[PDB]
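Q: The amino acid sequence is not available; the structure is as follows:
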Ligand SMILES: C=CC1=C(C)[C@@H](Cc2[nH]c(/C=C3N=C(/C=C4/NC(=O)[C@H](C)[C@H]4CC)C(C)=C\3CCC(=O)O)c(CCC(=O)O)c2C)NC1=O
Ligand SMILES: C=CC1=C(C)[C@@H](Cc2[nH]c(/C=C3N=C(/C=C4/NC(=O)[C@H](C)[C@H]4CC)C(C)=C\3CCC(=O)O)c(CCC(=O)O)c2C)NC1=O
Ligand SMILES: C=CC1=C(C)[C@@H](Cc2[nH]c(/C=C3N=C(/C=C4/NC(=O)[C@H](C)[C@H]4CC)C(C)=C\3CCC(=O)O)c(CCC(=O)O)c2C)NC1=O
Ligand SMILES: C=CC1=C(C)[C@@H](Cc2[nH]c(/C=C3N=C(/C=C4\NC(=O)[C@H](C)[C@H]4CC)C(C)=C/3CCC(=O)O)c(CCC(=O)O)c2C)NC1=O
Ligand SMILES: C=CC1=C(C)[C@@H](Cc2[nH]c(/C=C3N=C(/C=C4\NC(=O)[C@H](C)[C@H]4CC)C(C)=C\3CCC(=O)O)c(CCC(=O)O)c2C)NC1=O
Ligand SMILES: C=CC1=C(C)[C@@H](Cc2[nH]c(/C=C3N=C(/C=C4\NC(=O)[C@H](C)[C@H]4CC)C(C)=C\3CCC(=O)O)c(CCC(=O)O)c2C)NC1=O
Ligand SMILES: C=CC1=C(C)[C@@H](Cc2[nH]c(/C=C3N=C(/C=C4\NC(=O)[C@H](C)[C@H]4CC)C(C)=C\3CCC(=O)O)c(CCC(=O)O)c2C)NC1=O
Ligand SMILES: C=CC1=C(C)[C@@H](Cc2[nH]c(/C=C3N=C(/C=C4\NC(=O)[C@H](C)[C@H]4CC)C(C)=C\3CCC(=O)O)c(CCC(=O)O)c2C)NC1=O
Ligand SMILES: C=CC1=C(C)[C@@H](Cc2[nH]c(/C=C3N=C(/C=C4\NC(=O)[C@H](C)[C@H]4CC)C(C)=C\3CCC(=O)O)c(CCC(=O)O)c2C)NC1=O
Ligand SMILES: C=CC1=C(C)[C@@H](Cc2[nH]c(/C=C3N=C(/C=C4\NC(=O)[C@H](C)[C@H]4CC)C(C)=C\3CCC(=O)O)c(CCC(=O)O)c2C)NC1=O
Ligand SMILES: CCC1=C(C)[C@@H](CC2=N/C(=C\c3[nH]c(C[C@@H]4NC(=O)C(C)=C4CC)c(C)c3CCC(=O)O)C(CCC(=O)O)=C2C)NC1=O
Ligand SMILES: CCC1=C(C)[C@@H](CC2=N/C(=C\c3[nH]c(C[C@@H]4NC(=O)C(C)=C4CC)c(C)c3CCC(=O)O)C(CCC(=O)O)=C2C)NC1=O
Ligand SMILES: CCC1=C(C)[C@@H](CC2=N/C(=C\c3[nH]c(C[C@@H]4NC(=O)C(C)=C4CC)c(C)c3CCC(=O)O)C(CCC(=O)O)=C2C)NC1=O
Ligand SMILES: CCC1=C(C)[C@@H](CC2=N/C(=C\c3[nH]c(C[C@@H]4NC(=O)C(C)=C4CC)c(C)c3CCC(=O)O)C(CCC(=O)O)=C2C)NC1=O
């Protein structure tokens, strides 16, 4: 679980050092930035039902062939799994904002997505279409503050970069 | 040189990752604290002659036995060298405040201090008493502001603990 | 270059042994099966033009969405590169039959195709539709003898397993 | 035990590979040669009493000095042990024909023979002289088929090269 | 690491006797039906990707609690390790089918597998369900029965080899 | 390897729920009281050299049997390893106090400590006496009630921080 | 390595002089525009995946001899390595932009690269072409002039940082 | 390494052409005469201990200075390493004879041998004499002209293999 605090602590532990002046300056960075970062976590938590439905709808419209037989999504049971997976991703992006780093994303989303999506054979380009639309629909400042939006675009751009 | 910037870059370099939000959060902490540290470095730079010259006097007042023949500081050339070392230590503390970490202290004065002083028969408590007296004069706010004094005293307590 | 001979020598060399009776038995297997696979290699060599061309339309027919702007194969140059890629794979399947092992496939095409296709945004299902069509289209005996088709479908199934 | 099957599988196991055309072609070599080897093993099994007695006598006729007191084979108990040790070697040659490799010979006699024969002071020339006599006496076709005798002389030449 | 031939000489060594003609009759039959044994090993490894996908996906379909939080196939990392374990178990079964003996499977893969799964918290009953689906999938491909994919081959009898595949899969389930 | 922020999402993940309002309200206090926490860490690491000396020397005076022949702190090598171990234990307490969670203390230090000490023969009653002295020294420095050394800081209340230091040391005593 | 602050100290050490007022004022400008520097860097990192594929595909199209048989980007093994190490060069450039000094780029990546590329037979003409495309892409992203990708950012100038990126990529091209 | 088959496809890859009818024909000769090629290697490996003993015996006898003090085969330790190198070279020739190409011999044994022998002081004048004696004896054993060891085999012409092994040992003398 990479974070500002744990990276600093693990660095000092490996060298066998007490938390020094440089170690406590890093934690001050979280204190200053926690204001905007915890504002974006609230909005996503308060509107995850509407955001997921909008993103998932655009994913299938961009690649309608996924509805065809033999592909990922040829039945109702398979489609409602696609929306569930997007809800998983939007949930762990919400965790990344609270925690303050790519910790939750790297361990529960990106750790083995390369092997799993190949074996079950669901294309990864369709996931990017879901998050690209969410990133482009983000509007400032009707949705969140100017600094909060930058943090939210920071988390989305990491998820997209994983599949690219 | 360990500091806020190198610690996170080294941590990110080992894992083979691009600088993420966790790394940019640490550098943001440096911006907040750089205001206070660079005031303490300016104050010390313009008054290093007075601090060093009084600090050495307190060391010799506490330990008159260094004047005896056969000991460190038994002649006039030796006594000057004692003040010269305290200037070196007060110079690296000025470097520590500018750099923002314990980098310059560790690799230029602390690394081999144990072997050098033992070989040359220089007691470690003579150098300790020099920094304790300097840390005792330090008062707020006549000398520096409230936050600058904390930053300066932090570097001095680091030096003493290595000689303890 | 995995092969019957190279694997036998590598196993014997690692143990520092002379070619023993078991090692010559391995080469004896190559002699018996050489006529079967070299028959398919002479057939594929004369029909690389006809096989590749038919497989190319089969890939695009199942996935017409590649013709749209913004995805792979959206221009005339990109579609031309699509057919060249199938020829490259069908050239090394011809090399695999002659060699007698998956050496040419593993080192040249399989190599690191996983990382390359992710960067250039080339879906792995597009290639599979080309090799699946060729593998099922093959029939006996107007194409080749029964034993030759065993070796030919053996190489096609291996390259498919690398893409899914 | 080293054989065509075990060496082929162990190479595939090391790389984490499924058995492929390279691996199945090696096993095909064992099928072709199993006809010739199995004739030799079935022939030696039914005539092991005559071979051992004839080979054992040739050892002592060439080196009569083994009879003298103080040497190996100076007593009746030690003399019968010599014929018993030749029986073991002819038994494991028979195993090496059935297995299809030098597995039993390396595992069960050649593994630590050199240290053992030095401690008990048993010349390696005496065992060499017994096998040389058997190897040269075997003749075709009155004893075995032309190809079966090739495999038999391959096993005798292997043990002979091990003792000198 | 023993094949079919090594098993014969290992048993006969324990009585210090040469391999008799009667014991050689088992090996001559093994060689005569060797090409049938190569019909089948080629069939399993050609469809290894599909077999493991059926096993793991079918295993979760019957036990939906594995993908719920706290389940042992919840995150992406746990799902990828489950698929990788299904491939290793199938890979070692196709080793024993090729060699004709279960020694390679028992000594390199199933040695200590039960203890490892206990420490990791892996469910033992669900691991049985995954392998039992793999056992039915592999046997269907051996006898050329799978409905969607049919491999062209000459007609023959498949009872001896298909029964052997079931025996190797049962050894995995019985050990864990 | 879990701080106070990551502990919140670990509890939420167990029920597959988004971070609720109540949890986010508790985290805002942590950020508000962040400067108070920073000060605490600073005070400990500045006086860490003499804290471990008061504890180890203080433990010896009340139990003089350790320096007697055959004791576990007899020679210089045993005495040196006693001071190093006392400083390592104090080192992880500062890690837990900085991170706000005790997982780093339990997972990297306290895991297997009891088993190690039993094998080496280190007395348990003496070890907890040294830690109980360290706990008193750490609390004195956090509340700025040290008799000899004072640090000038803005007036405030650290009953929450000093109590937090107490719980981390009580975990060390309970582990061994 | 050395950052912007540490470069000032190393220069003042060679003369055994304290950090003067003139040098300190230069650092104060670095800190004041420190928000721009992170604002620049985030733009490069967020598009790192598409920048590299811009370079490698662009270098091939103008020089088709790379993918011809016998070329150094012929197979998939060479093409993957071209993408892998080309991204490494971009990774170390963002370190130099973040740290504010080019020492990290020279010491850990650029040290001994030229002599290695000669041994492997990598053409120097084609390599510098790929790098020069990366510099043009990064600068256009830094100044926020990318044709198809916009990021919302407060109005201002970034000629200082765009000149910084251009010089760092020029160091790579000049070394090899 | 590369065998006879891989040499054909490597040359045909340099022009990106399918394996031609003429090159395919030359391969069928290699396969058709494959029984003799195995028939030849079996002769060399059965007398490897005898062959390497002639070479060192002959090499020392014509140059008596080697065993004299100051020579490079004086003590037992240098004498043993001489036999170990003689068998290693003869071992790699049999690898090349089995494979049908000299790629294995050059890449794993002949690469950098000349530099090593110069540093170790090994006289290259006597080394090539040792190889030339092995070359003569090995050719005799393939053509079954050995004076004392005769192996009953089917009659035929194998001058193609005799010329081949003489060419492989020629590469050994040329490399050193
Ligand atoms: C960056 C590293 C660095 C240091 C930290 C010092 C370290 C140092 N100081 C002295 C120099 C000296 N220092 C003293 C002074 C003293 N006499 C007393 O009354 C006291 C006990 C003691 C200081 C409190 C003496 C006596 C010498 C002369 C040689 C010696 O060390 O005994 C020397 C010997 C020669 C020299 O001058 O270089 C060294 C290596 N110098 C450096 O360049
Ligand atoms: C030995 C290894 C080996 C291969 C297997 C190929 C792999 C490969 N193919 C392309 C080339 C390409 N391949 C295609 C073709 C496609 N258009 C579509 O509609 C499809 C979805 C997609 C694949 C089926 C495209 C779009 C490119 C251009 C990408 C580029 O130029 O970077 C390129 C880029 C180089 C270039 O041609 O400019 C490479 C490395 N080449 C080799 O020599
Ligand atoms: C590595 C390469 C390799 C192979 C792929 C096999 C291929 C192979 N298998 C058999 C051997 C055989 N295969 C079958 C037919 C069968 N009926 C089925 O549907 C089953 C798959 C199978 C029984 C298990 C039988 C019973 C024979 C012998 C009789 C015959 O069919 O002619 C034969 C001899 C006769 C025949 O052509 O069938 C061959 C060439 N062996 C090899 O060397
Ligand atoms: C398993 C490993 C393996 C071997 C060890 C040999 C075994 C072997 N030797 C020959 C038989 C042969 N014997 C030779 C060779 C020779 N020409 C002479 O005059 C010499 C006496 C002799 C030197 C050795 C020839 C020419 C053949 C091959 C048949 C041919 O090409 O005409 C044959 C073919 C016919 C037969 O079965 O007898 C085989 C299979 N090949 C193998 O597959
Ligand atoms: C916490 C980690 C976590 C993730 C990050 C994802 C990752 C993930 N995806 C799937 C796998 C799946 N998810 C989908 C969804 C899809 N079908 C479609 O219509 C689309 C193309 C596609 C998504 C875009 C389906 C249907 C499966 C099962 C495979 C299948 O039936 O084809 C599975 C296996 C479980 C299952 O069978 O659903 C997992 C773990 N889910 C998680 O739990
Ligand atoms: C794995 C298989 C296997 C072997 C290869 C032998 C190995 C072996 N050899 C000897 C040892 C022996 N071997 C011989 C035989 C000989 N008489 C002579 O005059 C010569 C030295 C030699 C002619 C060939 C004798 C005489 C002994 C007994 C000597 C002793 O025990 O001191 C012994 C000790 C005593 C014994 O049991 O014989 C053993 C264990 N036994 C095995 O189980
Ligand atoms: C010697 C041969 C050999 C094997 C057979 C395995 C042995 C093995 N099993 C596991 C351990 C594991 N095995 C699985 C797979 C499963 N998930 C479930 O819920 C199922 C019940 C179960 C089988 C279907 C998983 C996911 C773990 C780790 C448990 C976890 O992460 O929660 C691990 C630890 C690594 C890991 O997979 O995470 C290893 C090495 N690998 C080998 O090299
Ligand atoms: C990176 C380094 C770094 C630090 C180490 C802290 C230092 C720090 N602490 C506080 C802030 C404060 N400091 C304290 C707390 C304390 N006062 C006491 O009597 C106790 C000894 C101590 C707690 C253990 C109080 C009461 C405040 C005021 C606000 C608050 O409650 O945190 C402030 C704000 C202004 C001030 O009061 O000085 C700062 C800068 N922050 C930093 O930037
Ligand atoms: C945690 C990491 C971190 C970041 C990612 C940045 C985020 C950031 N950017 C700016 C804002 C700014 N930064 C820039 C730079 C730019 N203007 C342009 O024309 C370009 C498009 C762009 C560089 C790519 C400028 C000119 C400002 C305005 C104020 C300033 O100079 O800082 C500001 C200050 C005002 C504001 O909140 O908007 C901040 C905090 N800094 C951080 O602390
Ligand atoms: C695969 C490649 C390969 C080889 C070909 C050799 C390469 C090699 N040659 C020597 C080095 C040597 N080379 C020889 C041999 C000779 N000296 C003479 O007097 C003769 C002219 C000549 C015999 C033809 C000797 C004797 C040594 C060792 C020198 C010594 O023992 O002091 C050594 C050092 C180790 C040693 O032999 O002690 C090595 C590794 N070994 C390998 O693994
Ligand atoms: C998607 C996973 C899945 C299932 C299916 C079931 C799980 C499942 N797999 C089965 C059934 C099953 N399914 C396949 C695969 C399938 N069949 C073919 O004829 C070919 C070639 C196929 C690829 C298209 C095979 C090979 C079997 C085993 C053969 C059998 O039916 O007994 C069976 C019956 C026997 C068994 O294997 O245990 C079950 C219970 N649930 C799921 O979620
Ligand atoms: C006679 C030998 C000897 C000792 C030493 C003591 C050790 C000791 N000092 C303590 C604990 C302690 N130790 C210090 C540190 C120390 N005090 C200061 O005022 C400053 C600044 C210090 C620099 C050295 C402090 C500040 C405390 C907290 C005050 C207290 O509880 O006594 C405690 C309380 C811990 C406990 O009871 O569990 C004791 C008993 N015992 C012994 O047998
Ligand atoms: C067919 C093979 C091929 C290519 C690939 C291009 C490669 C290419 N495109 C460039 C130019 C270039 N390309 C990009 C990236 C790209 N453009 C954008 O504006 C956005 C948002 C992008 C996301 C994909 C940028 C940012 C630039 C810099 C200028 C620009 O903004 O366009 C440059 C740099 C200029 C130079 O160094 O000479 C070249 C040559 N040409 C080829 O032959
Ligand atoms: C006193 C030191 C000494 C020796 C010992 C030999 C060593 C020796 N043997 C040779 C090579 C050689 N070796 C054999 C094998 C031969 N046939 C058999 O059936 C068996 C078992 C054989 C072992 C003797 C043959 C047939 C030849 C070629 C003919 C020849 O001996 O010249 C050659 C000729 C190669 C050359 O000169 O380049 C030499 C020098 N001569 C010496 O100067």
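A: That came in fine, so what should we check first? Residues are numbered from 1 along each chain as shown, chains lettered A, B, ... in the order given. Ligands and ions are numbered 1, 2, ... in the order given.
Q: For the residue in chain A that ligand 14 sits nearest to, give me its contacts.
A: Proximity of chain A to ligand 14 (Cβ to the nearest ligand atom) peaks at residue A:115, 59.2 Å away. Yep, even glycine has a C-beta here, placed from its N, CA and C like the rest. Contact partners of residue A:115, counting by Cβ atoms under 8 Å, 6 or more residues apart in numbering or on different chains, are E:80, E:83, E:84.
Q: Any chance of those residues in a markdown table with neighbour count as columns?
A: Output for those, formatted as a markdown table (neighbours: other Cβ atoms under 10 Å in any protein chain shown):
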| residue | neighbour count |
| --- | --- |
| E:80 | 20 |
| E:83 | 20 |
| E:84 | 13 |
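Q: Among those residues, name the ones in helices.
A: If you go by DSSP state H, the contacts of residue A:115 have E:80, E:83, E:84 in helices.
Q: Out of these, which comes closest to residue E:11?
A: Among the ones in helices among the contacts of residue A:115, residue E:84 lies closest to residue E:11 (Cβ to Cβ), at 35.8 Å.
Q: what helix or strand does the residue found closest to the closest one once you drop the neighbours it is linked to in the chain sit in?
A: Counting by Cβ to Cβ, 6 or more residues apart in numbering or on different chains, the nearest residue to residue E:84 once its immediate chain neighbours are dropped is residue A:115, at 7.1 Å. Assigned by DSSP states H and E, residue A:115 belongs to helix A:113-119.
Q: right, is that helix up against ligand 7?
A: No - against ligand 7, helix A:113-119 shows no contacts by Cβ under 6 Å from any ligand atom, the least distance being 11.4 Å.
Q: now residue A:83, nearest residue through space, not along the chain?
A: Nearest one to residue A:83, counting by Cβ to Cβ, 6+ apart, is residue A:56 at 4.7 Å.
Q: packing partners for the helix or strand hosting the one you found?
A: For residue A:56, the enclosing helix or strand under DSSP H and E is helix A:48-62. Contact partners of helix A:48-62 among helices and strands, from 3 or more Cβ pairs under 8 Å, 6 or more residues apart in numbering or on different chains; DSSP states H and E: helix A:76-99, helix A:125-137.
Q: For the first one, buried residues please.
A: By that I understand helix A:76-99. Residues of helix A:76-99 classed as buried: A:79, A:82-83, A:86-99 (neighbour count, 16 or more other Cβ atoms under 10 Å in any protein chain shown).
Q: So which residues make contact with the helix or strand that that helix is followed by?
A: Next helix or strand after helix A:76-99 toward the C-terminus (DSSP H and E): helix A:103-108. By Cβ under 8 Å, 6+ apart, the surrounding residues in contact with helix A:103-108 are A:1-3, A:6, A:92-93, A:95-96, A:155, A:158-159, A:162, E:75-77, F:6, F:9.
Q: which residues sit against the host helix or strand of residue E:10?
A: Assigned by DSSP H and E, residue E:10 belongs to helix E:4-13. Contacts with helix E:4-13, where a contact means Cβ under 8 Å, 6+ apart, come from D:1, D:3, D:5-6, D:95, D:98-100, D:103-104, D:108, E:2, E:18-20, E:23, E:26-27, E:30, E:99-101, E:103.
Q: try stretch E:168-176
A: E:89, E:93, E:96-97, E:102, E:105-106, E:110, E:113-114, E:117, E:124, E:127-128, E:131-132, E:134-135, E:138.
Q: Report the buried members of those.
A: The neighbour count (16+ other Cβ under 10 Å) marks E:89, E:93, E:96-97, E:102, E:105-106, E:110, E:113, E:117, E:127, E:131-132, E:134-135, E:138 as buried among these.
Q: now, which of the residues you listed lie within helices?
A: Mapping the buried ones among the contacts of stretch E:168-176 onto helices (DSSP H) picks out E:89, E:93, E:96-97, E:105-106, E:113, E:117, E:127, E:131-132, E:134-135, E:138.
Q: wait, what's in contact with whatever residue of chain E ends up closest to ligand 6?
A: Nearest to ligand 6 in chain E, going by Cβ to the nearest ligand atom, is residue E:16, at a distance of 9.1 Å. Residue E:16 makes contact with residue D:91 under the criterion Cβ under 8 Å, 6+ apart.
Q: From chain G, how far out is it?
A: 54 Å (Cβ to the nearest Cβ, to the nearest Å).
Q: Tell me which helix or strand that residue sits in.
A: Counting by DSSP H and E, residue E:16 is part of no helix or strand.
Q: next one: residue A:17
A: Counting by DSSP H and E, residue A:17 is part of no helix or strand.
Q: Got the phi and psi for it?
A: Residue A:17 has phi and psi values of phi -120, psi 150 when expressed as degrees, to the nearest 10.
Q: what's the answer for residue A:19, then?
A: phi -60, psi 120.
Q: same deal with residue A:141?
A: Dihedral angles (degrees, to the nearest 10) for residue A:141: phi -110, psi 30.
Q: Just give the number of residues close to the nearest residue to it once chain neighbours are set aside.
A: The shortest distance from residue A:141 to any non-neighbouring residue, by Cβ to Cβ, 6+ apart, is to residue A:149 (7.7 Å). Neighbours of residue A:149 under the rule other Cβ atoms under 10 Å in any protein chain shown: 20.
Q: Same check on residue A:147?
A: Neighbour count of residue A:147, defined by other Cβ under 10 Å: 15.
Q: can you tell me how far it sits from residue G:35?
A: According to Cβ to Cβ, to the nearest Å, residue A:147 stands 11 Å off from residue G:35.
Q: List the contacts of residue A:149.
A: By Cβ under 8 Å, 6+ apart, residue A:149 lies in contact with A:40, A:138, A:140, A:141, A:143, G:152.
Q: element containing it, please.
A: Going by DSSP H and E, residue A:149 is part of helix A:146-163.
Q: hmm, that helix touching ligand 9?
A: Yes - residues of helix A:146-163 are located near ligand 9 by Cβ under 6 Å from any ligand atom, namely residue A:147.
Q: how far off helix A:76-99 does that helix point, in degrees?
A: Comparing the axes of helix A:146-163 and helix A:76-99 via axes from the mean of the first three to the mean of the last three Cα atoms, to 10 degrees yields an angle of 130 degrees.
Q: Burial check on the spatially closest residue to residue E:82 that is not a sequence neighbour, number of neighbours?
A: Distances taken as Cβ to Cβ, 6+ apart put residue E:73 closest to residue E:82, at 5.3 Å, once the chain neighbours are dropped. A count of nearby residues for residue E:73, using other Cβ under 10 Å, gives 22.
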